[PDB]
Amino acid sequence: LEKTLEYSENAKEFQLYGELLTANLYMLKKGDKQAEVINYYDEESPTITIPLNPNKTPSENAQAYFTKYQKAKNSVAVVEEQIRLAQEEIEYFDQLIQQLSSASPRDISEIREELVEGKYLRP
Amino acid sequence: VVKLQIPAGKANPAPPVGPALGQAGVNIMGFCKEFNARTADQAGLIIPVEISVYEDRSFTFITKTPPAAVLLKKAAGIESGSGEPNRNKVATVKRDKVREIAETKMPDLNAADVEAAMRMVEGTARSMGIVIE
Amino acid sequence: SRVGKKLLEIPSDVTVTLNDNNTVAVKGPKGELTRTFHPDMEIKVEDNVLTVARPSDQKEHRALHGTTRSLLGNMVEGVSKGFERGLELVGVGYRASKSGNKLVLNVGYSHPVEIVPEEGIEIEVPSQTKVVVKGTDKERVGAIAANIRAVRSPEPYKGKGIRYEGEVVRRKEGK
Amino acid sequence: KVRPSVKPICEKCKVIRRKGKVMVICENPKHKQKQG
Amino acid sequence: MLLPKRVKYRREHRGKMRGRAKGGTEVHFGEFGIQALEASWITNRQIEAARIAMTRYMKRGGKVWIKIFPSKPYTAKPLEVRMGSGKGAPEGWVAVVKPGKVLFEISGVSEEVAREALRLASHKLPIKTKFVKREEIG
RNA sequence: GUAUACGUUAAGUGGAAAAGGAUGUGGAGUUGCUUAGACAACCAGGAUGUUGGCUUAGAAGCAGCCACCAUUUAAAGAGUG
């Protein structure tokens, strides 16, 4: 999930490069690098890493980059939620390892009781 | 001519004023200082500015009044409106600052009388979700 | 409420005949037209204006009065002003060409396209794309424009072939 | 399309009666219908 | 899908369908309905098809009153056998519908929703149909 | 009897069937407007408060949810495509 959290910044760079391409090809197709209008342009002129600029369908490649960016920000939400759930699960499973690695007998009995209470559960 | 609502405190970078002046054929950064000079005393609000175009690449900007929506946010205090106006009455604005807001819109609005203007901004206040009281 | 009642003013200088069995010849500066009509209609001409009158309220007469008045308006419009149907040959290799009275089209076929105009109808090619046909009758210039469009119909993916003035072809997306 | 149930598909469809045959013409060429 | 769970006799005569509707002629439960113009047997499969076609397009609205019930069975002899040698086994259930009879009843929706639902029901039925509504003299 | 009077049909219906579809046509009866000028056509306005609001970068009438108002008025819907 932290790999996807780095892919978030990679797709932000992809959105920058697509917005660079979008007016483009201001510049030549290749990478459409640093295409900006000298005047009467808002030169975002963001720094970009230049893959060769696709392609047969010149707007749908930049639009595909912009879609990858939307998926990336939804990933920024959901993978952080999944990391929180995974640390909660690891804390609970480390506790279960501790409680299995010996104790009581009666304690294990009421642990079973509490688990089955937690959750309703057809009735 | 391309008209647009430019925020006063964020007119420096390549957003809104960038691509509008870029297709006109002028350097944005040489006019961002001129924007920030005349938008200093109304900073923090989004001000519509008319952008006239000339053949000799000379540009003179005619500023306008702040909108009735933004002025009602100043009079009320809340920045973002409600999800459903006239269903969640989030704020109430007294009539004296309503009269002041209507009186600020003299040189651009073609209303003959101030009573017509306060009847207009009563209607704009109803779109805000703000009780006119 | 209908086209058979409005007046049709004619410009200077034209004249119209009122020959028996409804045959109308129209003289003017840019040509001559002659058509045969139906005996059921009585036509009358006033001072510098033409009127057509219905004999009854039947549906055939209600159609024929409007058609007769409309085509008389077409005659008096074409005899003094004429009618032009402009065409554009859109493409990197498209050309209308002229060799005397013959009209040659450099459409992308393997054989050169040649079309024979009839008498009284002229075609002028001023530029790369735009071409103008000239005539005094709407029917003849419409048939000529249809015959020009018939050799290459415009295909919907890209603007190619013969095209009129403003008229949208349905854009389709290829792969 | 040739069908005995010639109907206007959209609002731009126009019902006509060329040659004694009920037809629908439209700006969209997919809505062209004839019967008989 | 509608059928009686018990009958007095499993094999009956096919009957006759002369005359108008004996009852169920006027709409008196819903606001709108279908009035029959011709007489034929209506199979419970057709009733089910018309009911689903109305109910699907009326996903929000009132309930449907089914005024007809397939109480009369029909017998179907097996295929490829000789004529006679006893009456065949009963196959299905039909409702004897006369002209003028109300078939399905709708209330609690708009006018055009009811008209389109009755048209979709009528396109499944084997009879000529018409749209009727309640009359209040009265 | 190329008979008389009044209408209807335009397909060879007459002189072979249906569900269903259809601006065919002749009639009957309501209803909005109409020479203060009617339905269409041609010349002009087709607006500023206003990019009406949450939302998505962006919903500037025309993604979505929406009380859906006020002026200059001879007229304009915070908008049908």
# chains A, B, ... in the order shown; residues from 1 in each chain; ligands from 1
>>> residues_around(residues="residue 110 in chain E", least_positions_apart="6", cutoff="12 Å", atoms="only C-alpha atoms (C1' of nucleotides)", output="MDAnalysis selection string")
chainID E and resid 31:32 58 60:62 116:117
>>> write_last_selection(atoms="N, CA, C and O atoms", output="PDB file, in the first residue's frame")
ATOM      1  N   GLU E  31     -58.450   3.636 -10.616  1.00  0.00           N
ATOM      2  CA  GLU E  31     -58.885   4.799 -11.374  1.00  0.00           C
ATOM      3  C   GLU E  31     -58.954   4.524 -12.867  1.00  0.00           C
ATOM      4  O   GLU E  31     -59.778   5.126 -13.566  1.00  0.00           O
ATOM      5  N   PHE E  32     -58.112   3.625 -13.373  1.00  0.00           N
ATOM      6  CA  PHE E  32     -58.017   3.334 -14.794  1.00  0.00           C
ATOM      7  C   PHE E  32     -57.963   1.827 -14.995  1.00  0.00           C
ATOM      8  O   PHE E  32     -57.562   1.074 -14.103  1.00  0.00           O
ATOM      9  N   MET E  58     -44.268   0.335 -13.009  1.00  0.00           N
ATOM     10  CA  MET E  58     -44.772   1.006 -11.813  1.00  0.00           C
ATOM     11  C   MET E  58     -44.018   0.610 -10.551  1.00  0.00           C
ATOM     12  O   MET E  58     -44.657   0.226  -9.561  1.00  0.00           O
ATOM     13  N   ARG E  60     -42.556   2.356  -8.395  1.00  0.00           N
ATOM     14  CA  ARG E  60     -43.098   3.179  -7.323  1.00  0.00           C
ATOM     15  C   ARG E  60     -44.542   3.522  -7.665  1.00  0.00           C
ATOM     16  O   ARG E  60     -44.801   4.177  -8.679  1.00  0.00           O
ATOM     17  N   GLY E  61     -45.466   3.088  -6.825  1.00  0.00           N
ATOM     18  CA  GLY E  61     -46.870   3.363  -7.036  1.00  0.00           C
ATOM     19  C   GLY E  61     -47.735   2.354  -6.310  1.00  0.00           C
ATOM     20  O   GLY E  61     -47.264   1.589  -5.472  1.00  0.00           O
ATOM     21  N   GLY E  62     -49.019   2.365  -6.661  1.00  0.00           N
ATOM     22  CA  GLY E  62     -49.987   1.512  -6.004  1.00  0.00           C
ATOM     23  C   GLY E  62     -49.951   0.082  -6.505  1.00  0.00           C
ATOM     24  O   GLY E  62     -49.146  -0.304  -7.355  1.00  0.00           O
ATOM     25  N   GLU E 116     -49.282   4.148 -20.184  1.00  0.00           N
ATOM     26  CA  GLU E 116     -48.182   3.362 -20.734  1.00  0.00           C
ATOM     27  C   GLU E 116     -48.133   1.961 -20.126  1.00  0.00           C
ATOM     28  O   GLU E 116     -47.832   0.990 -20.835  1.00  0.00           O
ATOM     29  N   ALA E 117     -48.459   1.833 -18.833  1.00  0.00           N
ATOM     30  CA  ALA E 117     -48.524   0.514 -18.209  1.00  0.00           C
ATOM     31  C   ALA E 117     -49.648  -0.330 -18.803  1.00  0.00           C
ATOM     32  O   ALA E 117     -49.472  -1.533 -19.038  1.00  0.00           O
TER      33      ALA E 117
END
>>> select_by_dssp(residues="range 20-102 of chain B", states="helix (DSSP H, G or I)", output="ChimeraX atom specification")
/B:20-22,29-38,68-76,95-102
>>> atom_distance(atom1="CA of residue 113 in chain B", atom2="CA of residue 85 in chain B")
28.0 Å
>>> residues_around(residues="range 76-84 of chain B", least_positions_apart="2", cutoff="9 Å", atoms="only C-alpha atoms (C1' of nucleotides)", output="count of residues only")
21
>>> select_by_dssp(residues="chain E", states="strand (DSSP E or B)", output="number ranges by chain")
E: 32-36, 40-43, 64-66, 72-76, 89-97, 102-106, 129-133
>>> write_last_selection(atoms="C-alpha atoms", output="mmCIF file, in the first residue's frame")
data_model
loop_
_atom_site.group_PDB
_atom_site.id
_atom_site.type_symbol
_atom_site.label_atom_id
_atom_site.label_comp_id
_atom_site.auth_asym_id
_atom_site.auth_seq_id
_atom_site.Cartn_x
_atom_site.Cartn_y
_atom_site.Cartn_z
ATOM 1 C CA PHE E 32 -58.017 3.334 -14.794
ATOM 2 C CA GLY E 33 -58.416 -0.041 -16.442
ATOM 3 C CA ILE E 34 -58.560 -2.130 -19.596
ATOM 4 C CA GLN E 35 -61.944 -2.854 -21.161
ATOM 5 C CA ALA E 36 -62.118 -5.925 -23.384
ATOM 6 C CA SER E 40 -61.035 -15.236 -26.130
ATOM 7 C CA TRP E 41 -59.519 -17.460 -23.470
ATOM 8 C CA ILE E 42 -56.814 -15.714 -21.440
ATOM 9 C CA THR E 43 -54.120 -18.072 -20.157
ATOM 10 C CA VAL E 64 -52.518 -3.971 -9.209
ATOM 11 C CA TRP E 65 -56.004 -5.490 -8.960
ATOM 12 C CA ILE E 66 -56.363 -8.571 -11.169
ATOM 13 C CA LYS E 72 -61.666 -23.021 -16.113
ATOM 14 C CA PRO E 73 -59.204 -25.789 -17.047
ATOM 15 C CA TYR E 74 -58.568 -26.973 -20.585
ATOM 16 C CA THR E 75 -57.583 -30.508 -21.516
ATOM 17 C CA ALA E 76 -54.829 -31.370 -23.988
ATOM 18 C CA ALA E 89 -55.248 -34.761 -19.446
ATOM 19 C CA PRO E 90 -55.741 -31.151 -18.270
ATOM 20 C CA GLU E 91 -52.856 -28.891 -19.271
ATOM 21 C CA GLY E 92 -53.547 -25.360 -18.067
ATOM 22 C CA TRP E 93 -56.037 -22.801 -16.806
ATOM 23 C CA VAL E 94 -57.803 -20.014 -18.710
ATOM 24 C CA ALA E 95 -60.251 -17.256 -17.815
ATOM 25 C CA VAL E 96 -63.372 -16.767 -19.938
ATOM 26 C CA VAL E 97 -63.307 -13.063 -20.820
ATOM 27 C CA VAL E 102 -62.399 -4.973 -16.889
ATOM 28 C CA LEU E 103 -59.162 -6.984 -16.737
ATOM 29 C CA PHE E 104 -56.646 -5.069 -14.581
ATOM 30 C CA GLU E 105 -57.116 -2.064 -12.299
ATOM 31 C CA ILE E 106 -54.591 0.656 -11.405
ATOM 32 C CA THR E 129 -58.169 -3.307 -25.799
ATOM 33 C CA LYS E 130 -59.180 0.237 -24.909
ATOM 34 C CA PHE E 131 -58.492 2.727 -22.134
ATOM 35 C CA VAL E 132 -61.309 3.460 -19.668
ATOM 36 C CA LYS E 133 -61.527 5.555 -16.500
#
>>> atom_distance(atom1="CA of residue 13 in chain A", atom2="CA of residue 46 in chain A")
9.3 Å
>>> residues_around(residues="residue 26 in chain B", least_positions_apart="6", cutoff="9 Å", atoms="only C-alpha atoms (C1' of nucleotides)", output="mmCIF file with N, CA, C and O atoms, in the first residue's frame")
data_model
loop_
_atom_site.group_PDB
_atom_site.id
_atom_site.type_symbol
_atom_site.label_atom_id
_atom_site.label_comp_id
_atom_site.auth_asym_id
_atom_site.auth_seq_id
_atom_site.Cartn_x
_atom_site.Cartn_y
_atom_site.Cartn_z
ATOM 1 N N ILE A 38 4.590 31.558 -25.370
ATOM 2 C CA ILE A 38 5.413 32.572 -24.789
ATOM 3 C C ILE A 38 4.512 33.597 -24.206
ATOM 4 O O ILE A 38 4.657 33.981 -23.048
ATOM 5 N N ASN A 39 3.510 34.046 -24.985
ATOM 6 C CA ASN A 39 2.670 35.093 -24.467
ATOM 7 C C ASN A 39 1.236 34.615 -24.590
ATOM 8 O O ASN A 39 0.951 33.672 -25.327
ATOM 9 N N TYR A 40 0.290 35.271 -23.870
ATOM 10 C CA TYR A 40 -1.090 34.923 -23.941
ATOM 11 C C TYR A 40 -1.186 33.500 -23.596
ATOM 12 O O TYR A 40 -2.165 32.917 -24.042
ATOM 13 N N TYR A 41 -0.225 32.940 -22.804
ATOM 14 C CA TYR A 41 -0.348 31.610 -22.268
ATOM 15 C C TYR A 41 -0.148 31.719 -20.788
ATOM 16 O O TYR A 41 0.662 32.528 -20.325
ATOM 17 N N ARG B 57 -1.145 45.034 -28.623
ATOM 18 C CA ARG B 57 -0.672 44.296 -27.447
ATOM 19 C C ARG B 57 -0.605 45.158 -26.186
ATOM 20 O O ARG B 57 0.203 44.887 -25.290
ATOM 21 N N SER B 58 -1.439 46.188 -26.096
ATOM 22 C CA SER B 58 -1.568 46.979 -24.881
ATOM 23 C C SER B 58 -2.894 46.647 -24.212
ATOM 24 O O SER B 58 -3.934 46.567 -24.871
ATOM 25 N N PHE B 59 -2.854 46.447 -22.897
ATOM 26 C CA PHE B 59 -4.015 45.952 -22.176
ATOM 27 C C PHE B 59 -4.316 46.846 -20.984
ATOM 28 O O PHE B 59 -3.443 47.100 -20.148
#
>>> residues_around(residues="range 4-13 of chain C", least_positions_apart="2", cutoff="10 Å", atoms="only C-alpha atoms (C1' of nucleotides)", output="JSON, numbers by chain")
{"C": [1, 2, 15, 27, 28, 29, 47, 48, 49, 50, 51, 52, 53, 54, 62, 64, 65, 66, 67, 68, 69, 70, 72, 73, 76, 77, 79, 80, 81]}
>>> interface_residues(of="chain F", to="chain D", cutoff="12 Å", atoms="only C-alpha atoms (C1' of nucleotides)", output="list in words")
residues 10, 11, 19, 20, 21, 22, 23, 24 and 81 of chain F
>>> closest_residue(among="A:98, A:65, A:70, A:36", to="chain F", atoms="only C-alpha atoms (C1' of nucleotides)")
A:70
>>> residues_around(residues="range 28-32 of chain D", least_positions_apart="6", cutoff="8 Å", atoms="only C-alpha atoms (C1' of nucleotides)", output="list in words")
residues 1, 8, 9 and 13 of chain D
>>> closest_atom_pairs(of="chain F", to="chain C", cutoff="12 Å", atoms="only C-alpha atoms (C1' of nucleotides)", output="CSV")
residue,atom,partner,partner_atom,distance
F:25,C1',C:59,CA,10.4
F:38,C1',C:1,CA,10.2
F:39,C1',C:1,CA,9.2
F:40,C1',C:1,CA,8.8
F:41,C1',C:1,CA,10.5
>>> write_last_selection(atoms="N, CA, C and O atoms (P, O5', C5', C4', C3', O3' and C1' of nucleotides)", output="PDB file, in the first residue's frame")
ATOM      1  P     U F  25     -55.220  13.995 -45.722  1.00  0.00           P
ATOM      2  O5'   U F  25     -56.703  13.768 -46.252  1.00  0.00           O
ATOM      3  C5'   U F  25     -56.981  13.723 -47.644  1.00  0.00           C
ATOM      4  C4'   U F  25     -58.288  13.023 -47.917  1.00  0.00           C
ATOM      5  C3'   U F  25     -59.499  13.578 -47.188  1.00  0.00           C
ATOM      6  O3'   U F  25     -60.054  14.716 -47.826  1.00  0.00           O
ATOM      7  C1'   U F  25     -59.459  11.223 -46.966  1.00  0.00           C
ATOM      8  P     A F  38     -51.092  38.633 -34.154  1.00  0.00           P
ATOM      9  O5'   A F  38     -51.874  37.246 -34.244  1.00  0.00           O
ATOM     10  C5'   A F  38     -52.538  36.726 -33.101  1.00  0.00           C
ATOM     11  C4'   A F  38     -53.211  35.408 -33.386  1.00  0.00           C
ATOM     12  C3'   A F  38     -52.306  34.286 -33.869  1.00  0.00           C
ATOM     13  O3'   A F  38     -51.625  33.638 -32.808  1.00  0.00           O
ATOM     14  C1'   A F  38     -54.241  34.389 -35.232  1.00  0.00           C
ATOM     15  P     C F  39     -50.029  33.439 -32.863  1.00  0.00           P
ATOM     16  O5'   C F  39     -49.831  32.084 -33.676  1.00  0.00           O
ATOM     17  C5'   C F  39     -50.206  30.833 -33.121  1.00  0.00           C
ATOM     18  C4'   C F  39     -50.101  29.724 -34.140  1.00  0.00           C
ATOM     19  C3'   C F  39     -48.737  29.556 -34.793  1.00  0.00           C
ATOM     20  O3'   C F  39     -47.817  28.812 -34.007  1.00  0.00           O
ATOM     21  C1'   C F  39     -50.397  29.592 -36.470  1.00  0.00           C
ATOM     22  P     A F  40     -46.235  29.053 -34.172  1.00  0.00           P
ATOM     23  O5'   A F  40     -45.877  28.407 -35.583  1.00  0.00           O
ATOM     24  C5'   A F  40     -44.674  28.748 -36.260  1.00  0.00           C
ATOM     25  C4'   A F  40     -44.787  28.528 -37.748  1.00  0.00           C
ATOM     26  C3'   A F  40     -43.728  29.216 -38.599  1.00  0.00           C
ATOM     27  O3'   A F  40     -42.509  28.494 -38.667  1.00  0.00           O
ATOM     28  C1'   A F  40     -45.855  29.666 -39.504  1.00  0.00           C
ATOM     29  P     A F  41     -41.107  29.268 -38.536  1.00  0.00           P
ATOM     30  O5'   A F  41     -41.046  30.198 -39.829  1.00  0.00           O
ATOM     31  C5'   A F  41     -40.822  29.645 -41.118  1.00  0.00           C
ATOM     32  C4'   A F  41     -40.806  30.711 -42.186  1.00  0.00           C
ATOM     33  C3'   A F  41     -39.783  31.823 -42.011  1.00  0.00           C
ATOM     34  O3'   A F  41     -38.491  31.455 -42.462  1.00  0.00           O
ATOM     35  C1'   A F  41     -41.887  32.760 -42.539  1.00  0.00           C
TER      36        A F  41
END
>>> residues_around(residues="residue 7 in chain B", least_positions_apart="5", cutoff="8 Å", atoms="only C-alpha atoms (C1' of nucleotides)", output="PyMOL selection string")
chain B and resi 44-47
>>> atom_distance(atom1="CA of residue 84 in chain C", atom2="CA of residue 143 in chain C")
12.4 Å
